[PDB]
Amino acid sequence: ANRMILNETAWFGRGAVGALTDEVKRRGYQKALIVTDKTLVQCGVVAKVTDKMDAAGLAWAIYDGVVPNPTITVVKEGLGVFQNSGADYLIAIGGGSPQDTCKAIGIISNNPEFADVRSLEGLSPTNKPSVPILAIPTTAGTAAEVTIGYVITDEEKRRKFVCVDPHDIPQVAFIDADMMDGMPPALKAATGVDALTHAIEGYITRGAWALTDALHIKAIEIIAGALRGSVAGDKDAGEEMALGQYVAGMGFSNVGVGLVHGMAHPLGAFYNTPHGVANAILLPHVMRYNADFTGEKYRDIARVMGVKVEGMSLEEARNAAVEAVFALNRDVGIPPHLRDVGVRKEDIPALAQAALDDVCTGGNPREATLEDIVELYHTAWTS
């Protein structure tokens, strides 16, 4: 028997944030804490929301202390600001980093036992729902607005840990490509292939079933078709990417992912590597590694990614789907090897250990050994 956690309410398309003032008035909320980062404030992205809230007469304080790969320190700082703001709800504005930080604050606020943060790892045994969250992504992205997962960095144990908890699901998501247009091309490409990694990994994960298969294959189709266009700055392509990344979240949240995310998390913890860039470099190599344990699913991936698989053997089709991902990586300007983003050969043993102990690795369709992950890192490292 399979469980689906989704957003009760979500708005999609350009101008979707225009619905926020109305959703807040419907629920009777009094004051927001906006969780965001400094970049989004001084790009005027936060202003696009706070201007509408001022016009609607809705009170808000702001915490913009979030950094890429949010730390336990960041979570504690924000939790402190939330308590002193007298706010009764949360508005996450940004990529995975502010949205994951927002979820941590929301959970600990109503489950104060978890103030240390690192005790949220795995299936968080929280008694109480999160402080209500309204989620507004600015990356096409991590689907943080719809997933029941969030990833915090333990600076002292030098690892990223996943917390999975139905209590952290946002009440409303606003998926507005107007909020995402300010992404630099490199960021559109990184977060774009993070979305594709969620969809491919989710499609082949051990817990996969009919409904998540249907969602993931549609998300791969939307992302493969739109990402080149979005990175180039096309407006309609940006709107497609915004939807594609969300539809991936509806799936992988509820069944899981695999060794790509398992091997990407240690890279973030060790080097502060952008999550999408780590994922994008590993994805094709892990896809090749997983090929023989995926049944017919690489034929479907290859097809919706624009490959003619009419009269291909299964191994030829599996190779074609891997090659489709290498090509898309090349076109959107992602460095092809881990060496290129500052990963060090010396660390691979330690990284392979952390990858094997990651929550995401358990979902991988092929049972990965330390020997295998060490070899994968080395394959992804070279040149």
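When you see a residue number, it is the position in the sequence shown, counting from 1.
Exercise. When the C-alpha temperature factors are averaged for each of 169-177 and 117-125, which stretch ends up with the higher value in the entry?
Worked result: In the deposited entry, the stretch with the higher C-alpha B-factor mean is 117-125.
For this session: Output the stretch having the higher mean C-alpha B factor in the entry; the candidates are 190-198 and 290-298.
Result: For C-alpha atoms only, the mean B-factor is higher in 290-298.
Exercise. Whose CA atom has the top B-factor in the entry, of 55, 341, 35, 59?
Worked result: Highest C-alpha B-factor among the listed options: 341.
Problem set entry | Out of 213, 145, 156, 100, highest CA B-factor residue | By C-alpha B-factor in the record, 156 ranks first.
Exercise. Mind checking which third residue 14 falls in for C-alpha B-factor across the chain?
Worked result: Its C-alpha B-factor belongs to the lowest third of this chain's values.
Exercise. Considering only modelled residues of the same chain, in which third does the CA B-factor of residue 245 rank: lowest, middle or highest?
Worked result: Within its chain, residue 245 is a lowest-third residue by C-alpha B-factor, going by the deposited values.
Exercise. What third of its chain, lowest, middle or highest, does the C-alpha temperature factor of residue 6 fall into?
Worked result: Its C-alpha B-factor belongs to the lowest third of this chain's values.
Exercise. Relative to the other modelled residues in the chain, which third contains the C-alpha temperature factor of residue 88: lowest, middle or highest?
Worked result: According to the entry, residue 88 has a C-alpha B-factor in the chain's lowest third.
Exercise. So where's residue 20 on the chain's Cα temperature factor ranking, which third?
Worked result: Tercile = lowest for this residue's CA B-factor.
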